[PDB]
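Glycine also receives a Cβ, built like all others from the backbone with ideal geometry; neighbour counts cover every protein chain displayed. Readers should treat all values here as calculations from the given coordinates under stated rules, not as data from a laboratory.
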Ligand SMILES: Nc1ncnc2c1ncn2[C@@H]1O[C@H](COP(=O)(O)OP(=O)(O)OP(=O)(O)O)[C@@H](O)[C@H]1O
Ligand SMILES: Nc1ncnc2c1ncn2[C@@H]1O[C@H](COP(=O)(O)OP(=O)(O)OP(=O)(O)O)[C@@H](O)[C@H]1O
Ligand SMILES: [Mg+2]
Ligand SMILES: [Mg+2]
């Protein structure tokens, strides 16, 4: 995962069900689940990831 | 329902090397060949094909 | 709606798209009625003729 | 269908003529129809010879 | 939620924001109140009756029989203090002040964008009572090119989505739409159409009485040694805007620094007006040799 | 106007007036208006943002808008800082009415500039220094001091 291919997406909003809406720079927004490799406190609308 | 898809384009220019460049309505430009029933006498630049 | 692995039509979708008003304001069947205007009684009777 | 007298006319013209053509077009399409045409003292006026 | 490889509904997703909506509120109430804005004096009451009053009680507006505003324009010169009236409303309505630029609903590709115009009003409805100010409509009330094609469809769609929504979420206060414009004689009716908005508040560069109060409020914070009269200055700077009056106050005090002083005096002001007013609509200097 | 409140905000504070929000420069071209701007840049040393008003506005609508948000947003974090935008007639120039293809985009850009300056937003200590080639080719809004 830490290797490329990697893609910058920028957080759209953060859901409390345990998912994150990320607006990708490709185009589409998508819902992906949280991990213990992040903090959602650090995540914010406009957080690069 | 299974009817094949044909891309639409308009002739950009007619080349003298027996091929025609037809710019699709998808976006890209392509050098396309031709069928043995269709000829360059029936095409003009800005001809829909 | 197209079966998108051949891009051929499989179904006409009812509603058929909501139209977009141009030449605004357009009021198809106006709510202002002749009872909703008084004092120009004689002008009503003329414009009707 | 209301076209106001405010849209009508520009400093040089062509777009002003299109919208007369526009309401004529809708009226045919959407018959019976009453085309309100204000304010005819800023788009009609004295001829010059 | 749809799946990538199959596209089937599996869940619902509750939307309330995207990054753009997040930067539009809240600033937890500005530093401007009607305390910090001088007189106009009548147009203060009007803007209050148009917004603030139906907000607390659409029941009383309906009961009577009268239609509240369907949208509010402030129209008048720049710098008369309009976006300035909008912060004031924000402090006392206590109703979430959405600040958005009408330039941001028209964007590079399509339903970035158009989706955004309907998004601001969805927000509005759950956050209610509210209080959406959009702000100098010159890109959401623009005339149609016919056509610029990349540009024009965006401006045309987004224009229509504003007007149609306000018409329909307001018979009575619920979401109040408020706004402002610099110019409107540059563009065609859309918000100057009386079948959409119907309340346009004329807000003009200020009356005699208005001018004095603005000088008073600016000078309130200024250190002074008294021989000053605000009323005389007010006469000289007749025909100037509220921001010209501010610009003179800021120069009179800089002038004081040059004098080696921090108290402002009537002399300091009169010089300060001369500099400014002269770079501005003019000062007389002859009444003919055939008149006095 | 600039070097003085940037380098010593205390003295404007003591009188009770606000610091300056800017300087507009006009008159005859070639008198050294942008030269002067490079002159103050060498002595402020407090982060000199250099843009040009014809480097604002790009090929799709709202990318320009995006650019104007992008200079001010950066400037609030470095503040004090100098945003010197070379032409303000290149982002907002007087019209009778728009005629519309290229003309409309101009007022679109203008809306974005107002807003941030102290339109509504905190300005920090910017200090947007303008210039124009010709005396009157701006709008009243820019012309107006404040
Ligand atoms: N009546 C007033 N009371 C206090 N400050 C005022 C008054 N009117 C104007 N000002 C001052 O004028 C400046 C604010 O101008 P502002 O940007 O709010 O303008 P606007 O009329 O909404 O303009 P635009 O047409 O450019 O969008 C500030 O310096 C503000 O203090
Ligand atoms: N006071 C001066 N002493 C010497 N040269 C100067 C002086 N003022 C300006 N110049 C020179 O004049 C030329 C043009 O001036 P500069 O490019 O700074 O002008 P401007 O008034 O901002 O113009 P534009 O309308 O083209 O944007 C430069 O070569 C500059 O160095
Ligand atoms: Mg304003
Ligand atoms: Mg120059």
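Here are a few things to note about the model shown:
- Counting, for every residue in F:109-118, the Cβ atoms of other protein chains within 10 Å of its Cβ and taking the mean gives 4.
- Separation between Cα centres of region F:3-45 and region E:54-82, rounded to whole Å: 42
- Only Cα pairs under 8 Å and 6+ residues apart enter the sum, and on that basis the relative contact order of chain B stands at 39 percent.
- With Cα atoms, 0 to 90° folded angle of helix F:104-114 axis to chain F main axis: 20
- Global form of region F:102-146, assessed from the alpha-carbon gyration tensor, a/c cut-off 1.5: oblate
- Placing a label point 7 Å from Cα along the Cα-to-Cβ direction at residue B:26 gives distances to the equivalent points in the other copies of 1.8 nm, listed shortest first.
- For residue B:6, the point set 7 Å out from Cα toward Cβ sits 4.9 nm from its twins in the other copies, listed from shortest up.
- Sorting the segments E:242-253, C:20-31 by their residues' average number of neighbouring beta-carbon atoms within 10 angstrom, most packed first, yields E:242-253, C:20-31.
- Compared with the dominant Cα axis of chain F, that is its longest principal axis, helix F:33-44 is turned about 40°.
- Per residue of E:142-148, other chain Cβ atoms within 10 Å of the residue Cβ number 6 on average.
- Chain F: relative contact order in percent, alpha carbon pairs under 8 Å with at least 6 residues between: 33
- 0 to 90° range, to nearest 10: angle between helix E:208-221 axis and chain E longest Cα axis: 90
- Inter-chain shielding of A:9-19 (mean C-beta neighbours from other protein chains, 10 Å cut-off): 3
- Protection-proxy order for peptides E:198-210, B:20-32, each taking the mean of Cβ atoms within 10 Å per residue, highest first: E:198-210, B:20-32
- A convex hull fitted to the Cα coordinates of region E:18-145 yields 141 cubic angstrom per residue.
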